[PDB]
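Structure record follows, encoded as structure tokens.
Positions of Cβ are backbone-derived with ideal geometry, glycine not excepted, and every protein chain shown enters the neighbour counts. All of the numbers you see were taken from the coordinates with simple rules; none came from a lab.
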Amino acid sequence: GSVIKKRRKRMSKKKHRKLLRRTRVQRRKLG
Amino acid sequence: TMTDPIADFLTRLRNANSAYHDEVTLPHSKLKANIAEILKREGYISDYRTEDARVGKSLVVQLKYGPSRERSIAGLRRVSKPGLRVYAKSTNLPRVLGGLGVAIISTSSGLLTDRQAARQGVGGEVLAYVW
Amino acid sequence: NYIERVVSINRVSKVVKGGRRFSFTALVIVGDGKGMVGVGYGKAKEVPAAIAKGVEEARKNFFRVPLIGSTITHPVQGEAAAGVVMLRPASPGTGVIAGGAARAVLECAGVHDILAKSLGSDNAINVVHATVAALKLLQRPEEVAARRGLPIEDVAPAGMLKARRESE
Amino acid sequence: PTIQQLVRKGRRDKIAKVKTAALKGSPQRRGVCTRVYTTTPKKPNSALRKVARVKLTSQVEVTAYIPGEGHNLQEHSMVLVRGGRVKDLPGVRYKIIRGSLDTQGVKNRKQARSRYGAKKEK
Amino acid sequence: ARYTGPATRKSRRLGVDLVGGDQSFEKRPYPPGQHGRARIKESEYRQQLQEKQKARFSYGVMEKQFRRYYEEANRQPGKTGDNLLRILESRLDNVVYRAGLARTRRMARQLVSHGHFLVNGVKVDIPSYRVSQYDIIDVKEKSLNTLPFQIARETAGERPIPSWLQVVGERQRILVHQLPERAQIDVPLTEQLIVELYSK
RNA sequence: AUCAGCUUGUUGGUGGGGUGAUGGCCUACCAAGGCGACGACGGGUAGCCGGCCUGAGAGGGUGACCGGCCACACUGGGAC
RNA sequence: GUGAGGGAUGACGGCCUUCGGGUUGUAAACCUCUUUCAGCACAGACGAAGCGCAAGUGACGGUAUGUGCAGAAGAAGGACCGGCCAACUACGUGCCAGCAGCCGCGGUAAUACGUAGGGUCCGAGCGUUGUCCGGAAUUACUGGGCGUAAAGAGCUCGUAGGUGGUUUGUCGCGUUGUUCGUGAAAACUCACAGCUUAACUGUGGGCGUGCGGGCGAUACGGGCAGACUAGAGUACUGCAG
RNA sequence: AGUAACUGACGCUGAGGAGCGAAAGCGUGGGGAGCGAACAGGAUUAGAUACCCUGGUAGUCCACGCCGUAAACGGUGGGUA
RNA sequence: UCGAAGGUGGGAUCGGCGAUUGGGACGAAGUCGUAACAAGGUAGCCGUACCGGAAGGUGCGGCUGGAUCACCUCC
């Protein structure tokens with residue numbers, strides 16, 4: 001299997017983790 | 001573990017047939033002997049006999065090949081199996097190879113072929129197909 | 001008299017430093033309509049030449065189909081590569097019910113009434129191969145009776161027997 | 001799967017995507033033109049496609065395509081819209097029926113007249 | 001409805017003569033129009049469709065009626081091709097034409113539609129009327145002296161009357177012994193092509 | 001199940017009452033049961049069927065006319 | 001039903017052209033024939049072995065229908081023509097105007113746009129939209145898969161469940177045979193009959209794939225009562241890590 | 001593995017469920033030589049939040065617990081002939 | 001006594017709007033950089049942690065779905 005699919009999935013995962021890091025305190029205070 | 005002795009018998013026959021063996025041995029039981037009887041009487045196998053084994057008895061089957069080494073059996077399929085079992089009435093008995101094959105049916109009158117069961121007006125469990 | 005069926009022309013190409021070199025491939029069927037068929041696959045730089053090579057290849061490789069009057073003896077199912085074609089005999093007057101590749105092969109083979117369906121790999125070459133493989137799985141009743149060493153009436157049903165009678 | 005797995009879970013068919021949800025089970029709907037304008041298609045093609053913004057009776061705001069050569073649609077014009085997709089335009093699934101209600105049949109049309117609401121010449 | 005346009009067009013397009021003795025088809029046996037000479041692409045669908053058009057323009061049957069006939073013929077326990085052919089042949093206008101009482105199928109249909117005939121003692125004016133065994137088709141007494149029947153009754157040397165029909169009276173009575181079989185039909189074209197087309 | 005617990009006349013008994021009729025149908029007392037992953041309890045949708053359409057068949061969709069059963073008659077209760 | 005037969009080195013016009021001519025086209029014009037259906041005139045029902053002890057009684061309806069009269073006389077449109085998928089040329093326009101179910105067509109010479117000739121398919125219809133099934137074996141019971149295409153839980157133990165070696169007897173639960181009752185009619189299918197045919201309607205079978213009762217069978221599955229050791233486990237003696 | 005002394009089908013799979021489960025990470029208490037995210041300088045570079053060099057804190061180690069993920073791969077579920 | 005409707009009360013559950021705010025898809029030609037594919041010029045990817053305008057960098061463990069190994073003298 002091409003590593004292209006792994007690359008797409010990893011970019012999605014990395015962006016989501018970055019978003020989670022950027023809004024940790026906001027999420028904690030809203031929940 | 002072993003679940004279907006009948007299917008194991010059929011697969012021993014099929015595997016020996018593909019390998020052009022002249023001989024196939026397996027543990028003996030009444031049902032397997034009756035299936036061997038039907039196969040021999042219908043001319044699919046050469047001959048069968050039952051020796052005795054170390055514990056019980058064995059079944060020995062001679063495979064029939066033509067002069068140019070062409071197999072006398074074209075296929076062997078198990079129809080009714082543990083889990084999903086198949087029963088047919090006397091009127092909707094299956095046809096094998098458009099009638100060119102033989103379907104073995106277990107009726108209360110014993111083991112019969114599809115044509116015998118149709119002629120006698122009986123039904124039962126469809127054990128296997130031979131063609 | 002021979003009936004020919006050019007079932008597909010394809011333009012294939014190989015790459016070179018200058019560019020693309022296009023050739024032509026033709027899949028043809030050759031038969032007499034009486035029970036003999038053959039399949040050829042020719043390639044050339046020109047379509048008529050490829051057709052000619054396919055025709056001669058199909059003529060060289062012939063194969064007799066076990067007809068019974070106007071149809072095949074018994075249902076079969078043949079598979080070659082990923083193509084799966086199922087064949088089923090039909091009552092007289094039904095006609096050929098098949099797709100383009102199967103229809104070409106069966107009409108060249110002389111089969112008049114048959115139900116045929118393709119169940120995989122719509123590619124024409126492989127469907128033709130699967131149809132030929134299915135037609136090679138048919139057995140005449142005499143051969144079957146010889147195999148099991150039984151009279152022809154014991155093995156075949158009465159339905160097949162008189163169908164041979166009326167045809168003969 | 002196994003037969004037992006089948007009797008335990010069964011087979012679930014794929015769900016069907018509903019098309020033209022704004023119609024709400026009707027072959028056609030009547031709307032009023034929120035705005036009539038023009039737009040450019042996808043990249044491979046190029047034109048000035050004529051598109052109307054229609055507010056249907058099913059309370060759905062929908063963008064509809066105007067077939068034919070010339071049209072006489074302006075604001076607050078009652079039209080009858082149907083289903084039909086235009087490949088070039090991204091999110092247009094409806095076309096305005098020519099020759100019904102305010103929208104007029106095209107002019108000087110002599111072939112496929114019934115598809116553009118142009119009467120036979122006398 | 002009915003087809004009233006030129007007859008030679010259909011013969012030219014289908015590549016065979018359907019009227020039977022027309023000189024225009026022999027003069028130009030190719031399709032009509034500007035492009036009647038262009039070579040055609042070969043397609044099984046085209047051949048099947050042209051066979052069906054031949055059948056339904058020889059007998060003057062429209063498409064819906066032809067489809068009903070095909071369904072009826074398939075439903076019957078014979079074989080589809082000759083069943084369809086026999087159903088087509090059993091029409092009253094076709095019977096009148098094959099009986100030698102009409103030069104062409106169109107005029108046979110016109111005569112039947114005008115009520116010039118009378119089947120089994122009761123007036124029938126229905127070109128699609130189907131004729132059964134031991135049917136007696138008679139010309140009503142008023143129109144026996146008309147010129148069409150006059151020239152029909154004094155030129156009884158044309159196309160032979162098939163076996164399943166027999167003219168017995170000097171007044172040109174028609175008797176139907178049994179519905180025709182495929183052997184005696186004597187029709188152009190191929191029924192198998194129509195059967196193939198209608199199974200698509 | 002991105003609805004796991006539900007039930008207290010609720011589960012059973014006895015004596016009464018009630019009904020054309022059996023029955024927690026109602027009632028007094030007594031016992032603590034009853035249902036649920038074989039999906040109870042919730043949420044959504046829906047009149048059911050002979051049939052109809054499609055399909056080679058299995059199956060899928062449907063319940064217009066005609067025919068049978070049910071439910072309702074401005075909304076909600078009630079009896080005569 | 002809007003007509004039928006005959007009708008030519010194949011009229012005019014249109015359109016294309018290689019400027020020759022070809023196509024519309026037997027089509028037309030003309031010569032005969034027939035009038036279905038409409039129009040006019042005349043007569044005129046069955047449905048009522050009915051109802052009524054009164055003399056009469058049909059809403060439909062003066063309808064259907066039948067007979068005369070006149071004359072081809074009053075009667076054809078829609079979609080499509082790049083491939084799938086029957087059916088191609090010219091002019092106009094030029095990445096526009098537009099088309100399009102998909103592939104995709106518009107860049108001054110488009111068989112894909114617009115219009116005209118021609119053609120094809122249907123025809124009192126022809127197309128468009130909406131919805132369901134088919135094609136789709138694309139939820140695969142019939143009838144699919146999981147190394148790399150989507151798809152084996154990270155690995156075990158184990159609950160409910162599913163499934164189970166050889167053999168004896170018995171039950172007749174499943175299974176199977178037959179018989180009785182039921183499965184309304186209508187519908188469907190087969191045959192016949194009646195409407196001038198058909199649709200439609202009636203009659204008689206089949207179907208109603210099931211369920212309930214009796215009677216028969218015991219190969220297989222299951223239950224019950226046993227037996228065996230080839231599976232499984234224990235024991236003993238060694239062994240490697 | 002061998003003997004086969006013993007029981008006499010006691011087998012297989014297993015929804016849910018329970019347990020185990022690299023490394024990183026988290027808690028409490030210890031320990032800390034080397035290595036070393038982060039962080040500092042140096043260099044390279046157009047620019048170097050990198051690659052290379054010099055330092056270097058968590059962590060890596062131990063005890064007791066959490067976590068429950070991996071290219072946890074033979075990308076190949078278990079049993080049998 | 002029961003009893004519809006009505007009133008009071010505290011909760012369930014389904015939607016709409018919401019100043020502000022997060023990401024997603026698409027958009028010929030804008031800006032910034034070169035991350036991947038040839039050993040892509042530091043092999044790539046998986047889990048995890050930290051850091052950075054951004055692709056990304058680095059540590060620990062894992063996988064190959066990673067390229068090259070010339071000449072090579074005795075037999």
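Observations on the model:
- Gyration tensor (Cα) of chain B, equivalent ellipsoid semi-axes in angstrom: 24, 18, 13
- Ordered by the count of other Cβ atoms within 10 Å of each Cβ, fewest first, E:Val122, C:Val155 give E:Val122, C:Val155.
- Phi-derived couplings, Karplus 6.51 cos²θ - 1.76 cosθ + 1.60 at θ = phi - 60°, listed residue by residue for region D:35-52: 7, 10, 8, 9, 7, 9, x, 4, 4, x, 9, 7, 5, 10, 6, 9, 10, 10 Hz, with x used for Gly and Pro.
- Convex hull of Cα atoms in the protein assembly as shown, direction-averaged projection (nm²): 53.4 nm²
- Most fluctuating residue given options B:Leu63, B:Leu13, B:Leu100, as computed from a GNM of chain B linking Cα atoms under 10 Å: B:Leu100
- Most simply put, chain C has about 95% antiparallel DSSP beta bridges, counting only bridges with both residues inside it.
- Only DSSP H runs of four or more residues enter the estimate; each adds -39500 (n - 2.57), and after division by the residues of chain E the mean residue ellipticity at 222 nm equals -11500 deg cm²/dmol.
- Panel order for B:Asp22, C:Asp32, by other beta carbons found within 10 Å of each beta carbon, from fewest to most: B:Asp22, C:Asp32.
- Altogether, the Stokes-Einstein calculation at 4 °C and 1.567 mPa s, with the Kirkwood radius of region D:15-122 over Cα pairs as Rh, returns a diffusion coefficient of 89 µm²/s.
- Beta bridge orientation in the protein assembly as shown: antiparallel %, DSSP, nearest 5: 95 percent
- Built amide H within the under 5 Å cut-off of B:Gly99, gap 5+: none
- For chain E, the alpha carbon convex hull comes to 135 Å³ per residue, rounded to a whole number.
- Calculated FRET efficiency for the pair A:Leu20/D:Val60, C-beta based, R₀ 41 Å, to 0.05: 0.65
- Within the same chain, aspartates and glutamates fewer than 8 places from C:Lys45 are excluded, and of the rest, those with a Cα less than 20 Å from its Cα are C:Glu56, C:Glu57.
- Too-long pairs where the Cα-Cα distance tops 32 Å, listed order kept, from D:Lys95/D:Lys120; B:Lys89/C:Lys117; B:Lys81/C:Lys34; D:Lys55/E:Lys64; A:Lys9/D:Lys14: B:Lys81/C:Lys34; D:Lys55/E:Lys64
- Whole-Hz ³J(HN,Hα) from phi, Karplus 6.51 cos²θ - 1.76 cosθ + 1.60, for region C:20-35, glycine and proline x: 10, 10, 8, 10, 10, 10, 10, 9, 10, 10, 10, x, 10, x, 10, x
- Karplus-derived 3J(HN,Hα) values for region E:126-135, using 6.51 cos²θ - 1.76 cosθ + 1.60 with θ = phi - 60°, are 8, x, 8, 4, 9, 10, 9, 5, 6, 9 Hz; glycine and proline are entered as x.
- Proximal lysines to B:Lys57, defined as alpha-carbon separation beneath 19 angstrom and excluding residues fewer than eight positions away on the same chain: B:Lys30, B:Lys32
- Rotationally averaged projected area of chain C (alpha carbon convex hull; nm²): 11.4 nm²
- Candidates C:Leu119, C:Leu150, C:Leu87, ranked by Gaussian network fluctuation over chain C, Cα under 10 Å, top entry: C:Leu150
- Order of E:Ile40, C:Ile3 under a 10 Å beta carbon neighbour criterion, fewest first: E:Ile40, C:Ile3
- Rounded to the nearest 10 degrees, the angle from helix B:30-41 to the longest Cα principal axis of chain B is 90 degrees.
- With a 10 Å cut-off around each Cβ of C:148-160, the average count of Cβ atoms from other chains is 3.
- Highest-MSF residue in chain D out of D:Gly68, D:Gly84, D:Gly25 [GNM, Cα springs under 10 Å]: D:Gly25
- Amide H contacts under 5 Å for D:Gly99, placed H, 5+ residues apart: D:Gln104, D:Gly105
- Cα centroid separation, region E:105-159 to region E:23-59 (Å): 32 Å
- Close amide H partners of D:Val36, meaning residues 5 or more places away or on another chain with modelled amide H under 5 Å apart, are D:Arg53.
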